[PDB]
Amino acid sequence: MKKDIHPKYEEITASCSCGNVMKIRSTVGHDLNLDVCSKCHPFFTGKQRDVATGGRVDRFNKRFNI
Amino acid sequence: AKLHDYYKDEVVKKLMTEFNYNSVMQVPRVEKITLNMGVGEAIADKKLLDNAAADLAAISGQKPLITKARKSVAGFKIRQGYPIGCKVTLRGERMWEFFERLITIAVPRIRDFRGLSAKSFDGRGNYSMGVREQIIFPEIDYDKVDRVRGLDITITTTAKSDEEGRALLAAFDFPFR
Amino acid sequence: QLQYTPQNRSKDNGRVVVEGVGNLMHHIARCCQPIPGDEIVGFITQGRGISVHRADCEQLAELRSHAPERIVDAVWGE
Amino acid sequence: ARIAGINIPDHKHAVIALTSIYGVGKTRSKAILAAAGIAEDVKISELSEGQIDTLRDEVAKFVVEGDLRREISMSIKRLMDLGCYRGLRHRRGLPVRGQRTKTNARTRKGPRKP
Amino acid sequence: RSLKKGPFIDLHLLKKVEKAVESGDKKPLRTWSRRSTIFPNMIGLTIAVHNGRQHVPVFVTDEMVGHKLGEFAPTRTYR
RNA sequence: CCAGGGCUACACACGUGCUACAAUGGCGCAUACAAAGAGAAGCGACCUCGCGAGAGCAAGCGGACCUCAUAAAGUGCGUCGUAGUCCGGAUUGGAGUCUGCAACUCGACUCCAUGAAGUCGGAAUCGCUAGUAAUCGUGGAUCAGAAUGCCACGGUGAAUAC
RNA sequence: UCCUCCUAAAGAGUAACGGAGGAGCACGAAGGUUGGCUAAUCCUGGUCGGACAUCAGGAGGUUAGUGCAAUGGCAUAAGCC
RNA sequence: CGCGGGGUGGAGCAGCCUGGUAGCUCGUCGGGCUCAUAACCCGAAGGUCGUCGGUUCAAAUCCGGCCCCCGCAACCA
């Protein structure tokens, strides 16, 4: 890297609310707080949310009872 | 750096037994990660491209290289040797750090995120993807950006097949639908 | 200038009696422009009534390739 | 903060704040803060981060944002693909719940233009 | 969202469809009972709802159950 | 005579009205003050369930006695800070409620969601001189159901007529 | 009047109211130099972005470019920084 | 044949001379005005710039071809 032409690249602490206190470089500002985490993100539980679709007969069985 | 080591360890070995690879060199490996933003709005505002520079710089940590046009086209109302976008061809450990700083946080931060394409590949394994807005990266004030200036990043692979490249990405887990 | 009540003739019905019943909204298929020739085995479209497709023709056959149970025959009435 | 998507303003009473998330009207809002045991009177900034987290902890239940969009948008596609009457209306960008198409209904059919 | 209790359809169409069930695969049905809603055994059938003046086939399939029959029989021919 | 459809169709045009465009305002909270009606396959308390629309229960009342039904603007405090914004409520989805054989075409209402145009309307044009206009709410007929329509009631309440 | 090719008969030259096209300038950098680089056009993927911006890879290979018309030449570049 | 000029909204004309946005007039349509039409008033749309090819990053425009209209010439004879 050439001298003085890049922002103050610097370590910061990614203090997520999920517990993952991953401290890594960046160049943000002071430090950093995140809601989730890559470790805690439902791209691995949002799957189940995606699955359940269709099945008219069933909800129909609710609107039934006879 | 960190997951780079992760690569040096698990990823390497895992792949050696994956694609029943022979020599360690036979393993594909990330090479150069490029960020690009074809702003294309600078044609009317030269003060705007700089804003884009501040963007990548914020996400890259290094001055982005601006891109001049390669050919004039009226359909996009531009001429030869004309500024039109900002890019960043970061490599080495820096690239690695950008990577961890990436997938571990920004990617999960994608609004309306579900998964990610498993399709997109150059025919050589080299990957491509497009972010939709600059805010997904923490360092951006969010509130201070005068405009949503999404972009797209590409990850070069020394992989030859699109497949072997994907497995390399799967090593780092790294989303995907 | 010599240019249809026939658009109301199918409405006059009797042009078809599918699988043992008439009336059924149907129409000519642009592919096998049927006429009271070699039968007709009308396809059942999800909308716009029946798609009479003469009898035996690729499209009439490809619908077999899809979900054929939708397809049924028809005499001609008059 | 960064709640779900980004209903993230401030100096906006928490309830009114959370209304801005897609898929959440005031009803759900109060249902949230109350269930999270907070205070609709508060301004998000003054609200402890140790609470805002409990707000995500709160909003997890109600189907929301992008997921909601995907569901409902899928429900509509479910209809136009269904070929059902209403599906046909959506296909025509005209009023669904039986109205006077002959007059107003301009909302559905788009602004007066032709 | 009507008649909370007793999903509704009628005997003439009901019974007739039942006869169509046990008798296996079936030919088109002549129903004017546009109001009637679809039921389990109605699935896969080629019942024809009488439309504004003449029948139109409604090949009921899975998804098309909760709805009333006429809902698949547009009455107003249009531009 | 019967079923179903149709009178609810929609590229557009006009009349007539409702609701808003907000701060003399929206919103939560507290609370004050009418008239005029209607009602017996009709009004149906209180009570219980339901967030609610309503539902089960069952008094009373064919009537200054019972009910429909606590009027609303207003008043107090609090909040909202001039934003398409806590304005606006259309549109749409989901879930329901009730009537009536029946709610798809094509009913009304509730809830959850959504949250459009609109930031006072070009030319033009109307009503109105008093308890009128303006603004608020109530009832009645029609009616199973089904109004912003209409008919009626009271509250609040001006300006200007040289 | 001047330049490019064809006519022109493989040296030069070579006419017609023969055939086709240009010039009457440009630039202090587009000049000198050392250093460095090399295209076009496409196929694939990629936010806005579409036939056509920018980016990444692949085929390809000078079909590119060369201040301006043609011609010969040009990567050791003369071409691009 | 020769020379010269021109071809743009429904009509008629600018802008083409200087390449990067096609403007004015009448007409048309919508509303208003009036008992009704006109006149008047308010608001709007609308033009592959003859065609074919070419040049350029870009063609109504710059170049050539063709078609059409029109002006001059069409001499000594």
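Here, each number is a calculation from the coordinates, and none is a lab measurement. Positions of Cβ are backbone-derived with ideal geometry, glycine not excepted, and every protein chain shown enters the neighbour counts.
The calculated Kirkwood hydrodynamic radius for chain C is 12.8 Å, given to one decimal from all distinct C-alpha pairs.
From helices alone, the protein assembly as shown scores -7500 deg cm²/dmol at 222 nm; the rule is -39500 (n - 2.57) for each run of n ≥ 4 DSSP H residues, then divide by the residue total.
Sorting the Cα pairs of chain E by distance into bins of 10 Å, from 0 upward, gives 19, 54, 24, 4, 0 percent per bin.
The range E:50-79 and the range B:131-163 have Cα centres lying 49 Å from one another. Across the range A:5-22, rounded Karplus estimates of 3J(HN,Hα) from the backbone phi angles (6.51 cos²θ - 1.76 cosθ + 1.60, θ = phi - 60°) give 9, 10, x, 4, 4, 7, 5, 8, 9, 7, 8, 6, 8, 7, x, 5, 9, 8 Hz, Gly and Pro being marked x. Averaged over peptide D:67-80, the number of partner chain Cβ atoms lying within 10 Å of each residue's Cβ comes to 2. With 10 Å bins beginning at zero, the pair-distance distribution over Cα atoms of chain B amounts to 9, 34, 33, 18, 6, 1 %.
Counted over the protein assembly as shown, the DSSP beta bridges are approximately 85% antiparallel. Put in line by how crowded their Cβ is, counting other Cβ atoms within 10 Å and starting with the fewest, B:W96, C:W76 read C:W76, B:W96. Here is the list for the range B:1-85: GluC sites (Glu not before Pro) lying in DSSP coil, each with at most 16 other C-beta atoms within 10 angstrom of its C-beta, are B:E41. Around the amide H of E:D62, modelled in the peptide plane, lie the amide H atoms of E:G44, all under 5 Å away and 5 or more residues distant in sequence or on another chain. Cross-link check: pairs B:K119/B:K144; A:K23/B:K32; C:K11/E:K5; A:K8/B:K68; A:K47/B:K87 evaluated at a Cα-Cα cut-off of 29 Å; pairs beyond the cut-off: B:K119/B:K144; C:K11/E:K5; A:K47/B:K87. Mean partner shielding of peptide A:8-19, defined as the number of other chain Cβ atoms within 10 Å of each residue Cβ, is 3. Listing B:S60, B:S120, B:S23 from fewest to most neighbouring C-beta atoms within 10 Å gives B:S23, B:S120, B:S60.
Where in chain A are there chymotrypsin sites (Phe, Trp or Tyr not before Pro) that are in a DSSP coil and have at most 13 other Cβ atoms within 10 angstrom of their Cβ? Walk me through the intermediate numbers first.
Working: sites: A:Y9, A:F43, A:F44, A:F60, A:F64; in loops: A:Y9, A:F43, A:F44, A:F64.
Passing sites in chain A are A:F44, A:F64.
Counts of other chain beta carbons within 10 angstrom of each beta carbon in peptide C:46-55 average 4.
Cα centroid separation, the range A:1-21 to the range D:83-114: 53 Å. Once backbone amide H atoms are built at 1.01 Å from N, C:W76 has C:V17 as its partners under 5 Å, excluding neighbours fewer than 5 places away on the same chain. A:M22's amide H: which non-local residues (gap 5+, or another chain) put their own amide H closer than 5 Å, with H modeled 1.01 Å from N in plane and none for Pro or chain starts? Counting only residues 5 or more places away or on other chains, the set is A:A14, A:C16.
Cβ crowding within 10 Å, taken as a proxy for footprinting-reagent exposure, orders E:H12, D:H11, E:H67 from fewest neighbours to most as D:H11, E:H12, E:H67.
So what's the net charge close to C:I71: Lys and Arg +1, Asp and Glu -1, counting the other residues with Cβ under 12 Å from its Cβ? Please list the in-between numbers first.
On the way: positive: C:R64, C:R70; negative: C:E19, C:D56, C:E62, C:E69, C:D73.
Taking every Cβ under 12 Å from that of C:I71, the sum is -3.
Taking the inverse of the mean 1/r over every pair of distinct Cα atoms in chain D gives a Kirkwood hydrodynamic radius of 16.6 Å.
For the protein assembly as shown, take N as its residue count and report Rg(C-alpha) divided by 2.2 N^0.38 Å.
Cα Rg divided by the expected 2.2 N^0.38 Å: 1.31.
For the range D:43-114, GluC sites (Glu not before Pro) meeting the loop criterion (DSSP other than H, G, I, E, B) and having at most 14 other Cβ atoms within 10 Å: D:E46.
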